[PDB]
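Novice: This is the content of run_12.pdb (PDB, C-alpha atoms):
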ATOM      1  CA  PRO Q   4      97.521 136.844  99.573  1.00  0.00           C
ATOM      2  CA  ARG Q   5     100.111 137.868 102.124  1.00  0.00           C
ATOM      3  CA  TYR Q   6      98.346 140.941 103.434  1.00  0.00           C
ATOM      4  CA  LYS Q   7      94.639 141.056 104.138  1.00  0.00           C
ATOM      5  CA  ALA Q   8      92.273 143.590 105.606  1.00  0.00           C
ATOM      6  CA  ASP Q   9      90.509 141.309 108.161  1.00  0.00           C
ATOM      7  CA  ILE Q  10      92.350 143.091 111.017  1.00  0.00           C
ATOM      8  CA  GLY Q  11      90.309 146.247 110.267  1.00  0.00           C
ATOM      9  CA  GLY Q  12      87.097 144.682 111.561  1.00  0.00           C
ATOM     10  CA  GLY Q  13      87.997 145.690 115.111  1.00  0.00           C
ATOM     11  CA  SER Q  14      90.653 146.564 117.667  1.00  0.00           C
ATOM     12  CA  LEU Q  15      91.552 144.404 120.651  1.00  0.00           C
ATOM     13  CA  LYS Q  16      88.354 144.975 122.659  1.00  0.00           C
ATOM     14  CA  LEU Q  17      89.364 143.232 125.856  1.00  0.00           C
ATOM     15  CA  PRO Q  18      86.002 143.000 127.595  1.00  0.00           C
ATOM     16  CA  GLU Q  19      84.398 141.249 124.626  1.00  0.00           C
ATOM     17  CA  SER Q  20      87.489 139.138 124.125  1.00  0.00           C
ATOM     18  CA  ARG Q  21      87.272 137.899 127.748  1.00  0.00           C
ATOM     19  CA  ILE Q  22      83.758 136.655 127.132  1.00  0.00           C
ATOM     20  CA  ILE Q  23      84.821 134.870 123.942  1.00  0.00           C
ATOM     21  CA  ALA Q  24      87.818 133.347 125.759  1.00  0.00           C
ATOM     22  CA  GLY Q  25      85.326 132.029 128.356  1.00  0.00           C
ATOM     23  CA  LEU Q  26      83.300 130.369 125.616  1.00  0.00           C
ATOM     24  CA  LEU Q  27      86.456 128.867 124.165  1.00  0.00           C
ATOM     25  CA  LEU Q  28      87.419 127.485 127.594  1.00  0.00           C
ATOM     26  CA  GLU Q  29      83.920 126.084 128.302  1.00  0.00           C
ATOM     27  CA  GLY Q  30      83.671 124.385 124.959  1.00  0.00           C
ATOM     28  CA  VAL Q  31      80.603 124.852 122.756  1.00  0.00           C
ATOM     29  CA  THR Q  32      79.499 123.468 119.388  1.00  0.00           C
ATOM     30  CA  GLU Q  33      79.749 125.886 116.414  1.00  0.00           C
ATOM     31  CA  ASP Q  34      75.966 126.236 116.300  1.00  0.00           C
ATOM     32  CA  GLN Q  35      75.978 127.087 120.010  1.00  0.00           C
ATOM     33  CA  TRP Q  36      78.782 129.605 119.477  1.00  0.00           C
ATOM     34  CA  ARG Q  37      76.595 131.508 117.028  1.00  0.00           C
ATOM     35  CA  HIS Q  38      73.529 131.200 119.249  1.00  0.00           C
ATOM     36  CA  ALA Q  39      75.506 132.586 122.297  1.00  0.00           C
ATOM     37  CA  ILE Q  40      76.696 135.614 120.301  1.00  0.00           C
ATOM     38  CA  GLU Q  41      73.680 136.353 118.150  1.00  0.00           C
ATOM     39  CA  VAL Q  42      70.660 135.231 120.229  1.00  0.00           C
ATOM     40  CA  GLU Q  43      71.742 134.970 123.890  1.00  0.00           C
ATOM     41  CA  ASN Q  44      73.668 138.190 123.229  1.00  0.00           C
ATOM     42  CA  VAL Q  45      76.620 137.361 125.517  1.00  0.00           C
ATOM     43  CA  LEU Q  46      78.474 140.498 124.348  1.00  0.00           C
ATOM     44  CA  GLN Q  47      75.527 142.673 125.506  1.00  0.00           C
ATOM     45  CA  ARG Q  48      75.029 144.508 122.215  1.00  0.00           C
ATOM     46  CA  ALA Q  54      77.794 142.371 115.128  1.00  0.00           C
ATOM     47  CA  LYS Q  55      78.544 138.865 113.818  1.00  0.00           C
ATOM     48  CA  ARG Q  56      81.698 139.721 111.838  1.00  0.00           C
ATOM     49  CA  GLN Q  57      83.437 141.470 114.720  1.00  0.00           C
ATOM     50  CA  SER Q  58      82.842 138.509 117.071  1.00  0.00           C
ATOM     51  CA  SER Q  59      84.097 136.110 114.398  1.00  0.00           C
ATOM     52  CA  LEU Q  60      87.282 138.190 114.184  1.00  0.00           C
ATOM     53  CA  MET Q  61      87.878 138.285 117.974  1.00  0.00           C
ATOM     54  CA  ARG Q  62      87.297 134.490 118.082  1.00  0.00           C
ATOM     55  CA  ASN Q  63      89.418 133.780 114.990  1.00  0.00           C
ATOM     56  CA  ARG Q  64      92.164 135.810 116.664  1.00  0.00           C
ATOM     57  CA  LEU Q  65      92.049 133.776 119.930  1.00  0.00           C
ATOM     58  CA  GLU Q  66      91.803 130.449 118.076  1.00  0.00           C
ATOM     59  CA  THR Q  67      95.288 130.955 116.646  1.00  0.00           C
ATOM     60  CA  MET Q  68      96.388 130.314 120.303  1.00  0.00           C
ATOM     61  CA  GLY Q  69      95.659 127.646 122.886  1.00  0.00           C
ATOM     62  CA  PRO Q  70      93.777 127.161 126.164  1.00  0.00           C
ATOM     63  CA  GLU Q  71      96.639 128.516 128.283  1.00  0.00           C
ATOM     64  CA  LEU Q  72      96.400 131.860 126.535  1.00  0.00           C
ATOM     65  CA  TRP Q  73      92.581 131.825 126.481  1.00  0.00           C
ATOM     66  CA  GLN Q  74      92.799 131.428 130.275  1.00  0.00           C
ATOM     67  CA  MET Q  75      95.087 134.503 130.414  1.00  0.00           C
ATOM     68  CA  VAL Q  76      92.563 136.514 128.392  1.00  0.00           C
ATOM     69  CA  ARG Q  77      89.637 135.405 130.534  1.00  0.00           C
ATOM     70  CA  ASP Q  78      91.279 135.554 133.965  1.00  0.00           C
ATOM     71  CA  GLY Q  79      94.334 137.771 133.805  1.00  0.00           C
ATOM     72  CA  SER Q  80      94.886 141.336 134.842  1.00  0.00           C
ATOM     73  CA  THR Q  81      94.068 144.146 132.477  1.00  0.00           C
ATOM     74  CA  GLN Q  82      97.630 144.466 131.086  1.00  0.00           C
ATOM     75  CA  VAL Q  83      98.302 140.720 130.990  1.00  0.00           C
ATOM     76  CA  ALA Q  84      94.979 139.983 129.223  1.00  0.00           C
ATOM     77  CA  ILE Q  85      95.280 142.832 126.705  1.00  0.00           C
ATOM     78  CA  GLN Q  86      98.798 141.746 125.763  1.00  0.00           C
ATOM     79  CA  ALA Q  87      97.645 138.166 125.226  1.00  0.00           C
ATOM     80  CA  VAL Q  88      94.918 139.507 122.973  1.00  0.00           C
ATOM     81  CA  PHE Q  89      97.643 141.582 121.221  1.00  0.00           C
ATOM     82  CA  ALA Q  90      99.724 138.474 120.556  1.00  0.00           C
ATOM     83  CA  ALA Q  91      96.688 136.710 119.143  1.00  0.00           C
ATOM     84  CA  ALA Q  92      96.016 139.733 116.908  1.00  0.00           C
ATOM     85  CA  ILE Q  93      99.587 139.597 115.635  1.00  0.00           C
ATOM     86  CA  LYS Q  94      99.472 135.863 114.951  1.00  0.00           C
ATOM     87  CA  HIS Q  95      96.178 136.303 113.011  1.00  0.00           C
ATOM     88  CA  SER Q  96      97.424 139.311 110.995  1.00  0.00           C
ATOM     89  CA  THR Q  97     100.659 139.507 108.937  1.00  0.00           C
ATOM     90  CA  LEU Q  98      99.587 143.050 108.031  1.00  0.00           C
ATOM     91  CA  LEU Q  99      99.768 144.062 111.739  1.00  0.00           C
ATOM     92  CA  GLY Q 100     102.835 141.943 112.539  1.00  0.00           C
ATOM     93  CA  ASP Q 101     104.853 143.279 109.564  1.00  0.00           C
ATOM     94  CA  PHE Q 102     103.894 146.857 110.545  1.00  0.00           C
ATOM     95  CA  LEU Q 103     105.504 146.200 113.936  1.00  0.00           C
ATOM     96  CA  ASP Q 104     108.457 144.251 112.535  1.00  0.00           C
ATOM     97  CA  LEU Q 105     109.455 146.398 109.559  1.00  0.00           C
ATOM     98  CA  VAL Q 106     108.337 149.930 110.611  1.00  0.00           C
ATOM     99  CA  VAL Q 107     107.626 150.357 114.318  1.00  0.00           C
ATOM    100  CA  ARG Q 108     110.762 148.517 115.401  1.00  0.00           C
ATOM    101  CA  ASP Q 109     113.062 150.827 113.358  1.00  0.00           C
ATOM    102  CA  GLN Q 110     111.313 153.989 114.583  1.00  0.00           C
ATOM    103  CA  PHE Q 111     112.484 153.170 118.121  1.00  0.00           C
ATOM    104  CA  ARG Q 112     115.899 154.033 116.823  1.00  0.00           C
ATOM    105  CA  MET Q 113     115.009 157.738 116.594  1.00  0.00           C
ATOM    106  CA  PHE Q 114     115.314 160.135 119.491  1.00  0.00           C
ATOM    107  CA  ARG Q 115     111.690 160.633 120.597  1.00  0.00           C
ATOM    108  CA  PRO Q 116     110.347 157.944 118.285  1.00  0.00           C
ATOM    109  CA  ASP Q 117     107.051 158.692 116.565  1.00  0.00           C
ATOM    110  CA  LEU Q 118     104.692 156.945 114.185  1.00  0.00           C
ATOM    111  CA  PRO Q 119     102.857 159.535 112.107  1.00  0.00           C
ATOM    112  CA  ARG Q 120     100.123 158.331 109.715  1.00  0.00           C
ATOM    113  CA  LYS Q 121     102.246 158.891 106.561  1.00  0.00           C
ATOM    114  CA  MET Q 122     104.303 155.896 107.860  1.00  0.00           C
ATOM    115  CA  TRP Q 123     101.244 153.675 107.735  1.00  0.00           C
ATOM    116  CA  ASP Q 124     100.380 155.054 104.297  1.00  0.00           C
ATOM    117  CA  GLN Q 125     103.843 154.363 102.913  1.00  0.00           C
ATOM    118  CA  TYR Q 126     103.871 150.876 104.514  1.00  0.00           C
ATOM    119  CA  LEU Q 127     100.696 150.040 102.653  1.00  0.00           C
ATOM    120  CA  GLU Q 128     102.363 151.295  99.438  1.00  0.00           C
ATOM    121  CA  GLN Q 129     105.203 148.818 100.140  1.00  0.00           C
ATOM    122  CA  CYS Q 130     102.801 145.974 101.039  1.00  0.00           C
ATOM    123  CA  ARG Q 131     101.135 146.361  97.611  1.00  0.00           C
ATOM    124  CA  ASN Q 132     104.570 146.250  95.925  1.00  0.00           C
ATOM    125  CA  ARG Q 133     105.409 143.099  97.892  1.00  0.00           C
ATOM    126  CA  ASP Q 134     102.057 141.378  97.423  1.00  0.00           C
ATOM    127  CA  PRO Q 135     100.744 141.273  93.799  1.00  0.00           C
ATOM    128  CA  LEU Q 136      97.776 139.276  95.127  1.00  0.00           C
ATOM    129  CA  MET Q 137      96.620 141.863  97.706  1.00  0.00           C
ATOM    130  CA  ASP Q 142      88.571 154.285 100.661  1.00  0.00           C
ATOM    131  CA  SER Q 143      86.195 153.721 103.576  1.00  0.00           C
ATOM    132  CA  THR Q 144      87.830 150.355 104.387  1.00  0.00           C
ATOM    133  CA  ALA Q 145      91.335 151.861 104.216  1.00  0.00           C
ATOM    134  CA  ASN Q 146      90.454 154.641 106.665  1.00  0.00           C
ATOM    135  CA  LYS Q 147      88.752 152.321 109.129  1.00  0.00           C
ATOM    136  CA  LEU Q 148      91.775 150.013 108.711  1.00  0.00           C
ATOM    137  CA  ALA Q 149      94.350 152.685 109.670  1.00  0.00           C
ATOM    138  CA  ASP Q 150      92.179 153.832 112.566  1.00  0.00           C
ATOM    139  CA  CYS Q 151      91.980 150.268 113.861  1.00  0.00           C
ATOM    140  CA  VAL Q 152      95.715 149.630 113.683  1.00  0.00           C
ATOM    141  CA  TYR Q 153      96.469 152.839 115.580  1.00  0.00           C
ATOM    142  CA  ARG Q 154      93.728 152.103 118.125  1.00  0.00           C
ATOM    143  CA  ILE Q 155      95.384 148.694 118.800  1.00  0.00           C
ATOM    144  CA  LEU Q 156      98.668 150.472 119.361  1.00  0.00           C
ATOM    145  CA  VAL Q 157      97.003 152.942 121.732  1.00  0.00           C
ATOM    146  CA  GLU Q 158      95.359 150.034 123.650  1.00  0.00           C
ATOM    147  CA  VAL Q 159      98.599 148.155 124.169  1.00  0.00           C
ATOM    148  CA  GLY Q 160     100.326 151.419 125.046  1.00  0.00           C
ATOM    149  CA  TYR Q 161     102.794 151.819 122.178  1.00  0.00           C
ATOM    150  CA  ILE Q 162     101.155 155.220 121.280  1.00  0.00           C
ATOM    151  CA  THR Q 167     101.997 163.485 118.842  1.00  0.00           C
ATOM    152  CA  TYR Q 168     101.868 159.862 117.616  1.00  0.00           C
ATOM    153  CA  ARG Q 169     104.822 159.558 119.996  1.00  0.00           C
ATOM    154  CA  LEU Q 170     105.901 156.011 120.640  1.00  0.00           C
ATOM    155  CA  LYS Q 171     106.754 154.583 124.053  1.00  0.00           C
ATOM    156  CA  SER Q 172     108.361 151.325 124.968  1.00  0.00           C
ATOM    157  CA  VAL Q 173     106.085 148.723 126.518  1.00  0.00           C
ATOM    158  CA  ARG Q 174     107.270 145.728 128.570  1.00  0.00           C
ATOM    159  CA  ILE Q 175     105.359 142.593 127.577  1.00  0.00           C
ATOM    160  CA  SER Q 176     104.403 140.572 130.626  1.00  0.00           C
ATOM    161  CA  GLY Q 177     106.600 137.623 131.457  1.00  0.00           C
ATOM    162  CA  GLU Q 178     103.468 135.443 131.559  1.00  0.00           C
ATOM    163  CA  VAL Q 179     102.633 136.256 127.965  1.00  0.00           C
ATOM    164  CA  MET Q 180     106.222 135.892 126.779  1.00  0.00           C
ATOM    165  CA  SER Q 181     106.579 132.491 128.522  1.00  0.00           C
ATOM    166  CA  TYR Q 182     103.469 131.245 126.726  1.00  0.00           C
ATOM    167  CA  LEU Q 183     104.841 132.458 123.361  1.00  0.00           C
ATOM    168  CA  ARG Q 184     108.309 130.870 123.845  1.00  0.00           C
ATOM    169  CA  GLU Q 185     106.816 127.604 125.091  1.00  0.00           C
ATOM    170  CA  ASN Q 186     104.533 127.497 122.040  1.00  0.00           C
ATOM    171  CA  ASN Q 187     107.284 128.234 119.538  1.00  0.00           C
ATOM    172  CA  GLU Q 188     105.697 131.436 118.399  1.00  0.00           C
ATOM    173  CA  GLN Q 189     108.734 132.815 116.595  1.00  0.00           C
ATOM    174  CA  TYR Q 190     106.834 135.281 114.493  1.00  0.00           C
ATOM    175  CA  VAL Q 191     104.687 136.740 117.287  1.00  0.00           C
ATOM    176  CA  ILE Q 192     107.779 136.959 119.489  1.00  0.00           C
ATOM    177  CA  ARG Q 193     109.686 139.002 116.911  1.00  0.00           C
ATOM    178  CA  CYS Q 194     106.766 141.413 116.308  1.00  0.00           C
ATOM    179  CA  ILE Q 195     105.297 141.843 119.801  1.00  0.00           C
ATOM    180  CA  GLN Q 196     108.361 143.346 121.443  1.00  0.00           C
ATOM    181  CA  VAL Q 197     109.963 145.941 119.199  1.00  0.00           C
ATOM    182  CA  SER Q 198     111.234 148.405 121.817  1.00  0.00           C
TER
END
Just give me the structure of the file as structure tokens.

Specialist:
Amino acid sequence: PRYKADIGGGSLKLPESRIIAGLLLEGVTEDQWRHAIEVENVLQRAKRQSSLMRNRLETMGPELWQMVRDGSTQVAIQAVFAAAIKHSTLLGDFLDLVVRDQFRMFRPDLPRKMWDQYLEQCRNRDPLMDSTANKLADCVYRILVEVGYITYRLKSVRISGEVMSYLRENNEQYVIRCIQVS
């Protein structure tokens, strides 16, 4: 299936993502990964959300994990954003096919009907595709608030040169196209 709902499990959540990026950079066995999250309680609380944040980062490599763990607030959040895009065609295609064209308006906005109608299109496009839907929409817009794209008025956001260099150097065509749409 082209579009899946996994992205709805949680927004970028930088603080937690930094801890997970640490664990990725240290190197632990899978059993130890689960122990650190669930028993040692490294996130200071469950399981599904941490799997998502990890699955997101594991689409990318140590260089970007190091950015998440060590970088400034904006650099780290944007690296997490790129990972979220790579992990989710549903998010990436929202950016690519809807958000990008909105920035053609004067005073671009992104009202919820636009998400609704995008989902209508996604269904059309993917023959293999309530409470989940609502949490889903909320999560996508929260991501966009976190990165700074969102009156539902849209604003342009400059992706850090450090993140963009990583993406170019790693051939991340699709993330590149979706991450910068302003």

Novice: Counting all atoms listed in the file, what are the residues of range 26-87 of chain Q within 7 Å of range 167-188 of chain Q, and for each of them which pair of atoms is the nearest and at what distance in Å, to one decimal? Sort the table by chain and rising number, as CSV.

Specialist:
residue,atom,partner,partner_atom,distance
Q:83,CA,Q:176,CA,6.1
Q:86,CA,Q:175,CA,6.9
Q:87,CA,Q:179,CA,6.0

Novice: For a quick check of understanding, using all atoms listed in the file, which of Q:68, Q:27, Q:156, Q:22 has the smallest distance to residue 47 in chain Q?

Specialist: Q:22

Novice: Ranking Q:8, Q:103, Q:46, Q:65 by minimum distance to residue 91 in chain Q and counting only C-alpha atoms, which one comes first?

Specialist: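 Checking each of Q:8, Q:103, Q:46, Q:65 against residue 91 in chain Q, counting only C-alpha atoms, the winner is Q:65.
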
Novice: Excluding same-chain residues fewer than 3 positions from residue 159 in chain Q, what lies within 9 Å of it counting all atoms listed in the file, as a short mmCIF file (atom, residue, chain, number, x, y, z; two decimals) with C-alpha atoms, keeping the file's coordinate frame?

Specialist:
data_model
loop_
_atom_site.label_atom_id
_atom_site.label_comp_id
_atom_site.auth_asym_id
_atom_site.auth_seq_id
_atom_site.Cartn_x
_atom_site.Cartn_y
_atom_site.Cartn_z
CA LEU Q 15 91.55 144.40 120.65
CA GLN Q 82 97.63 144.47 131.09
CA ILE Q 85 95.28 142.83 126.70
CA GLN Q 86 98.80 141.75 125.76
CA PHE Q 89 97.64 141.58 121.22
CA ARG Q 154 93.73 152.10 118.12
CA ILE Q 155 95.38 148.69 118.80
CA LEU Q 156 98.67 150.47 119.36
CA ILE Q 162 101.16 155.22 121.28
CA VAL Q 173 106.08 148.72 126.52
#

Novice: I would like the residues chosen by the PyMOL selection byres ((chain Q and resi 151) around 10) on the shown file; could you give them as a ChimeraX atom specification?

Specialist: /Q:10-15,145-150,152-157

Novice: Using only C-alpha atoms, please write the residues we just selected to a file, as a PDB file, in the frame of the given file.

Specialist:
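Result written to result.pdb:
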ATOM      1  CA  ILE Q  10      92.350 143.091 111.017  1.00  0.00           C
ATOM      2  CA  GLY Q  11      90.309 146.247 110.267  1.00  0.00           C
ATOM      3  CA  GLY Q  12      87.097 144.682 111.561  1.00  0.00           C
ATOM      4  CA  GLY Q  13      87.997 145.690 115.111  1.00  0.00           C
ATOM      5  CA  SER Q  14      90.653 146.564 117.667  1.00  0.00           C
ATOM      6  CA  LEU Q  15      91.552 144.404 120.651  1.00  0.00           C
ATOM      7  CA  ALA Q 145      91.335 151.861 104.216  1.00  0.00           C
ATOM      8  CA  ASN Q 146      90.454 154.641 106.665  1.00  0.00           C
ATOM      9  CA  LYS Q 147      88.752 152.321 109.129  1.00  0.00           C
ATOM     10  CA  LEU Q 148      91.775 150.013 108.711  1.00  0.00           C
ATOM     11  CA  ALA Q 149      94.350 152.685 109.670  1.00  0.00           C
ATOM     12  CA  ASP Q 150      92.179 153.832 112.566  1.00  0.00           C
ATOM     13  CA  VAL Q 152      95.715 149.630 113.683  1.00  0.00           C
ATOM     14  CA  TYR Q 153      96.469 152.839 115.580  1.00  0.00           C
ATOM     15  CA  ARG Q 154      93.728 152.103 118.125  1.00  0.00           C
ATOM     16  CA  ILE Q 155      95.384 148.694 118.800  1.00  0.00           C
ATOM     17  CA  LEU Q 156      98.668 150.472 119.361  1.00  0.00           C
ATOM     18  CA  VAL Q 157      97.003 152.942 121.732  1.00  0.00           C
TER      19      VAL Q 157
END
